Every structure is written in C-alpha cells, then in structure tokens.
Amino acid sequence: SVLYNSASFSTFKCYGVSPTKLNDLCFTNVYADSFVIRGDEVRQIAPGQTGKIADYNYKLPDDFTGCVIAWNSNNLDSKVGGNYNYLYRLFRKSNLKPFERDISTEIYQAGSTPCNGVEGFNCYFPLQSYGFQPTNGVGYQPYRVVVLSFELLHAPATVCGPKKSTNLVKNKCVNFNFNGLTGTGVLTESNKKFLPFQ
Amino acid sequence: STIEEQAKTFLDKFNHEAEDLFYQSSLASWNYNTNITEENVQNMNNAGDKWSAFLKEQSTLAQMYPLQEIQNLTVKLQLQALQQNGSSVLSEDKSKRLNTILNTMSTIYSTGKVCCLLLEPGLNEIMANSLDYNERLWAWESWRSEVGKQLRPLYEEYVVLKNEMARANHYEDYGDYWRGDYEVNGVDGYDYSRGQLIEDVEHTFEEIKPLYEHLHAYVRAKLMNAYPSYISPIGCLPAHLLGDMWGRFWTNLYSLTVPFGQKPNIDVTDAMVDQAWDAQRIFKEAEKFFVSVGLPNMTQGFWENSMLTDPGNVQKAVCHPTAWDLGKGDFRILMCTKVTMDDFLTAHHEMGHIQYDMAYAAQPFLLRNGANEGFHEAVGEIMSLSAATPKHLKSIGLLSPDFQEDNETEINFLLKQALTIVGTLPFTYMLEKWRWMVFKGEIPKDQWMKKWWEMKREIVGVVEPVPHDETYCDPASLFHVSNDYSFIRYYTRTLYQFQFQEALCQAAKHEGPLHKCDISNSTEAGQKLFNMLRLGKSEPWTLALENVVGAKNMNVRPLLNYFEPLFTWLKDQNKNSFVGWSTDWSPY
C-alpha cells in the first residue's frame, strides 16, 4: 500500500490480483525479476505477447497473476555519450520457456552455412546493444522494469501481513478482537499474570 | 533454408550498426555548426569515412543474394538502396577523375571574377534592381566570357563518364538513371516503368502552357515603358532581362512589376511585435498547427537539443534553413530565427520534414525516406503555403481573427507566388528534356550551344541576346549540375504542392480555389495525410498517392484552381499586349 501512492513510478500495473487486494493476502514466495529495457518494449511485457523480445529474452507465463513495476530513468542506467552495457538476444534457434534464464552465447543460423564458432556470411551476431542516450526521444529512454511473481504451493506461506492496529479502551462493554478470538465484554485490570507464552 | 527468410537477417544486422554510424556523422556536423573549429571538420570526415566503408563492404556481400527471388514485395525495395554502387562502379583511376570535374565546376561558381563580387546575392541584385539596358547587359556578357569559357573541356568529359557508369548498372544513359527512382519496384498491379515518365510530364505542359503565356506577356508588357526601342510588342524577353543568370528565379522581377497600388502585399510582421515574440515563441506557435490538424505532437528532447534562438555575432556559428535528421528519435533544427515574416514562412516549410521522419520512426532504417526523389519537398511546400493564407492565420495565435482581404489584395498575392512556384516550371522541363538528348546522342558534341537557344523560344520564350559559339557553356554552372544533383526534383514539387492541398481541403467541406482554405480545426485532413507519410520506402509512390489525392500520376488541374483569379485578370490585361510572343523578333 505504501508503494502505490508514492507517485514515483511511471507504470504500476498488475494482472489478475488487484493492487488493493494483495495487501492482506498470504504469499508462499515472491520473486524479483529486474531488467532494463527500452520504452517500446514495455507493452510487450504482458501475458500473451510475441515479437523479438518476449520470445527471445524474458517470457511471461500464461497464468501470470502478479504486477509489473516500471519507472522512468536516465541517470541510474545511462551515462553521458551513450551507454552500451546492456545487451539482449535478438534471434535464436529456439524460444525460451517462462521463468528461465540463458547466459550462453551462440551464433544464430539463417538458412544455410551452419553457424558454430564462425561468423561472416549467413551467420550474424545476435547480442546487440541498446541505444540508451539522453539526447534521443521519449521512446528510446531506458526503463528499469521490476517484475514480481506470485506463486502458491502446498508449503505454509510465511509472507502474509494481515491488518493494522487500533487504540485501547477499557471500562466499557464494547467489542474487541484480540488475535483470532472475537469477544464482547468489559475489559478490567487483572492482577493474575499468566504464563509468558500463553 | 528459405532464401527470403535469411535475407531479413542480413538486413537486421545492417540496421543495428548503420544507425550508430549515421548518428555519429550527424552529431559531428552539429558541433561544427555550433562552434566554428577546425577540429570538428576532421571528426566529420572520420565519421563519414567509416560510413562509406561499412556501406561499401556490406554492398559486396549483398550481391550474392538473389534479387529476382523476392515475393513479399517489401524486401526488394530494401535491397535497392543497399546494393547500390554509385560512381565507384567503374575503374579506380576514373573515380578520382569524375569527382574532380564536380570540384572544378563548384570552385569557379563559388569564386567571383567580375569586377570581385559574387553571383548571389552579389551579381543577382545588380541585374534586377538597376533599371537600365546597358548596365545589366555588360555584367551578363562578362560572366559568360569568363566562367562559361573555363567549362568547355570539363563538361565534355562529364558526359562520357556518366554514360559508362550508367550502363554498368543495367540501364541506358545518365538521364535514364534519374527516371528509375519513380519506377515501381515493389508492389505490383500499378505498372509504371521508366518509359512512362516520358509521357504525362509532356501532357501537363500543354494545358499549363496558356497559363504561362499570360504571365510572360504581363512582365514583357510592363518593361515596354522603360525600353521602347529594344523591347517590341511582338518580341520576347532576352536572357539579361530576367533577374537571374539562367532565368530560373523570377522573384527579383517583382520589384519592377506592380499589379495594383491600392492594396500592398500582406505582412504579419506587425502582429508579431504586438504579441511580444522572442523568436523562440515562433516554435511554440508552430506546434499548435500540427496538433489541431491530427498529426502527432513533438518530442520532449526537441526543445533542449535543437537551436531555437540566435547566438549572435559574438559566437562563431552558422545557420541556414535546412532539414537535419540525426536518427534514432533525435531531431534538430538550425535556423537563425528572427522577428519578421521571412523566418515565419520558412519555419513551417522545414518543420514538415521533421514531422515526416517521425511518422516512420518505428519502421526500420531501410524503410525510411521516400521511394522517389523530390517527394519530401512537397510535404514542406503544402505547410508553408497555408502559413500565408489570411483565412487560415485568423484561427491561431498571430494576426487578428477579424482580418479579411478583398479582390484587389488577392492579385498581389497570386502574382508574387507565380514568380517562384510556377515561375521555374518551364525552366525545369527545358533542361530535363535537353539533357536526355545530349547524354543519349541525339545532339552532336559541337551543337550544345546552338540547340540550347532553340529550345528557349519554344518552351520558356527567351531570345538569345549574345549569339554563343562552340566555346561557351551554360548548364555546367548550375548548382545542381556542379554538385551531381537531379533537377527533376523541383518539377514534381510544383505539381504535388497543389494536389496535396486540394485533397486535404476537400474533406474539410471546401471546394473551389485554394487561396482561402482552412487547415486548422479539422482532424480529417491530418489523418488522411498521415497515411502515406508512414509508408516511406515500403510502398511505391503510385499506391501512396491514392491514399490522399486519388491518382497515379501528376495532374495540372489542381494547379489551375489556385491561380483562377490570376488567370482571369491576366487575360484582360494582356489582350492589348499580343498575348504570348513570337519567335520571329531578334534582339541582334
């Protein structure tokens, strides 16, 4: 809830689970997929898209029920004179399954001339480079997208965060809900201390 | 695997590295324009050297891929601009000899030998605002006997070298290569070969010929009061009485001819001072013209990367109306913006070139730019023409909304534009057809000056004041010929200027002439124009023309609707002045 009304993110969208409903819901484990892309590639990061980025770099599952955090930036990932430190795969012999990383380096094969350690004709270098420059337009600006994944398994979830607390009032016949027990009675001071774990 | 599949991989690899090299050559050119230093000249040459070396290296490996095996009708248009050879297709010894001729014609044209003063704007203002017969005649004869005499051995070798270079790329002559840009080489169904360009152009000149007769007879009849002995009512106008060395720009003759003295030409300079403009303020007012019509807005980095004010004389910087395109979403403009009407009309003329590249920004670099030359200039002329209409300026920032003109004011407005737009129309058709006979072989090598004056009286209507021999040379001193540029790009600019204006004003519920149409407050004219401006090199110009106008070739009919009040007024004023001219009278 404190990360939505901060007014510091350019794109704060979710899928399936509403942003105002995941605050009081348990989660088994939350991932953290952080990557820097361009401006036109933000629309391709969605469950059910295709192209040359979602099918060759980061693939999203069909049943993705998480959120997509993305903000504008031009100083934390783009220096003066052009930043060519972020590479990406353009073509490959096969696609990538959802939630799978690839750090290998191979030459793409187009038609004949099988490509295996030799470049030139019919063999091109797939690892290109983004043109993150502060003198370009708006669509060429870098966006540090952080995708969070939500999964539920049979293991007991350790991340829930249920509700906030209130004030305390005694000498009144009001309603109180301490822990999971709901009781309606008058709270009075007692001198019989119980065990320090009950 | 598939031949068409692997061909796209070779083009994606080229575009991922050509945009980085092309941006370096454009960025180095902006550094020299901002600060005049000798270090920026070497950086521009080193950036352009790697661009010419990488383009020539990728063009050799691209010849192995078959071109006739393209069925998508899209990859073939991307291989034509990559597999080009240019003037380097011949021998290595002949490459430096052909390039040297281009430098000899530009060095003599840049230097001045008349005494000292240059040609433009030096000698250009002498043979126009002097009002004399023996003063402006001596300056025109001295230029042909010094500049034209040093171009005879250089122009003869320019024909033999361009003929062999054109036949190396499976063509005919030099004039046939320029006609190949208009040939449809992508989507079929719209057949338009290079031989079709010979027609159409000759057909539109016959219908526009009566319009040119009323304009040439009006200027000839005005100078009869100043030259009653030489200029005859049944004669013509010599070459030295045109306000230009070749008779191309006739705007200089407007100061001598005055159609009506009650209403002067319109001027919006007084409206700029009342609203307190700071020169940059013009760029803010020009942005609303493209937003209210339907075109997309500008970028965020355009107001901080492009020059908007004047640096002054204390800073070494240059400026000239130009369309710079750095690429990759970066767009800059270098124009010394002042506070007058001249800089306001040229602002919208060059801003259209920036909006053109933004249409196909997401498209690859090979699909950028038009398929034919001269099409980009037509996009800028339709924007500057609407910037001078009084009915259009009353709905924006400058001027008062309660401003209108009468019939006496439209005469001065249509006459001024007739000496620039349609004034150079017969001059372009004359040189375009005359060069097709010299390069082929229909004109002997010793009859270049004799046939030159014969085509003037039959197309432009200019007699020969000084009979030239076999030693003079007129076309070699042209700015386009000396720089290896095609002159046909200005012919299509005049025709397409009124065809695009008629289509945008038709959907806005407006018919008739085009001197009072409205462009703003109409989202339909901007959506139709944006259709073909996104296509670029992906589709030919014949199919893209039907998306706006609705034809496949040029048409002179929309041009006659704009000059309708002018054609009627010139008919009654020239009917006592031998409408037209006769080729029997001679000045000598």
# chains A, B, ... in the order shown; residues from 1 in each chain; ligands from 1
>>> interface_residues(of="chain B", to="chain A", cutoff="7 Å", atoms="only C-alpha atoms", output="PyMOL selection string")
chain B and resi 1-3+6+9+13+299-301+305+328-330
>>> residues_around(residues="residue 68 of chain A", least_positions_apart="6", cutoff="8 Å", atoms="only C-alpha atoms", output="number ranges by chain")
A: 11-14, 145-148
>>> atom_distance(atom1="atom CA of residue 87 of chain A", atom2="atom CA of residue 37 of chain A")
9.6 Å
>>> closest_residue(among="A:56, A:161, A:193, A:79", to="residue 102 of chain A", atoms="only C-alpha atoms")
A:56
>>> select_by_dssp(residues="segment 31-114 of chain A", states="strand (DSSP E)", output="short mmCIF file (atom, residue, chain, number, x, y, z; two decimals) with N, CA, C and O atoms, in the first residue's frame")
data_model
loop_
_atom_site.label_atom_id
_atom_site.label_comp_id
_atom_site.auth_asym_id
_atom_site.auth_seq_id
_atom_site.Cartn_x
_atom_site.Cartn_y
_atom_site.Cartn_z
N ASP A 33 12.20 -10.17 -10.60
CA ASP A 33 12.76 -10.15 -11.94
C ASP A 33 13.01 -8.70 -12.34
O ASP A 33 12.08 -7.98 -12.71
N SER A 34 14.26 -8.27 -12.25
CA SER A 34 14.66 -6.90 -12.57
C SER A 34 15.45 -6.89 -13.87
O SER A 34 16.39 -7.68 -14.03
N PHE A 35 15.06 -6.01 -14.79
CA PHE A 35 15.75 -5.89 -16.07
C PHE A 35 15.47 -4.50 -16.64
O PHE A 35 14.45 -3.89 -16.35
N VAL A 36 16.41 -4.02 -17.46
CA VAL A 36 16.32 -2.70 -18.07
C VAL A 36 16.10 -2.89 -19.57
O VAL A 36 16.90 -3.55 -20.25
N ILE A 37 15.01 -2.32 -20.08
CA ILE A 37 14.67 -2.40 -21.49
C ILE A 37 14.47 -1.00 -22.05
O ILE A 37 14.84 -0.01 -21.42
N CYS A 67 2.40 -8.38 -10.73
CA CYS A 67 2.38 -6.96 -11.07
C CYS A 67 3.64 -6.63 -11.87
O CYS A 67 4.63 -7.36 -11.84
N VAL A 68 3.58 -5.51 -12.58
CA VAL A 68 4.69 -5.03 -13.40
C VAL A 68 5.04 -3.63 -12.91
O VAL A 68 4.26 -2.69 -13.08
N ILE A 69 6.22 -3.49 -12.31
CA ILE A 69 6.70 -2.22 -11.78
C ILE A 69 7.72 -1.66 -12.76
O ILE A 69 8.71 -2.33 -13.09
N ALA A 70 7.49 -0.44 -13.23
CA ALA A 70 8.38 0.20 -14.18
C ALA A 70 8.35 1.71 -13.96
O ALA A 70 7.27 2.30 -13.84
N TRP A 71 9.53 2.32 -13.92
CA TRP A 71 9.65 3.76 -13.73
C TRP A 71 10.63 4.32 -14.75
O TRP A 71 11.45 3.60 -15.33
N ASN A 72 10.52 5.63 -14.98
CA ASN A 72 11.39 6.33 -15.92
C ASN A 72 12.73 6.61 -15.27
O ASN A 72 12.80 6.89 -14.07
N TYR A 108 23.49 -17.17 -34.36
CA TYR A 108 22.25 -17.57 -35.00
C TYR A 108 22.50 -18.07 -36.41
O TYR A 108 23.37 -17.56 -37.12
N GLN A 109 21.73 -19.07 -36.82
CA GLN A 109 21.85 -19.66 -38.15
C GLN A 109 20.65 -19.23 -38.99
O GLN A 109 19.50 -19.53 -38.65
#
>>> closest_residue(among="A:73, A:49, A:8, A:44", to="residue 142 of chain A", atoms="only C-alpha atoms")
A:73
>>> residues_around(residues="residue 1 of chain A", least_positions_apart="6", cutoff="8 Å", atoms="only C-alpha atoms", output="VMD selection string")
chain A and resid 19 to 20 23
>>> closest_residue(among="B:113, B:394, B:537, B:480", to="residue 77 of chain B", atoms="only C-alpha atoms")
B:537
>>> select_by_dssp(residues="segment 102-215 of chain B", states="alpha helix (DSSP H)", output="ChimeraX atom specification")
/B:102-110,135-144,152-167,174-179,198-215
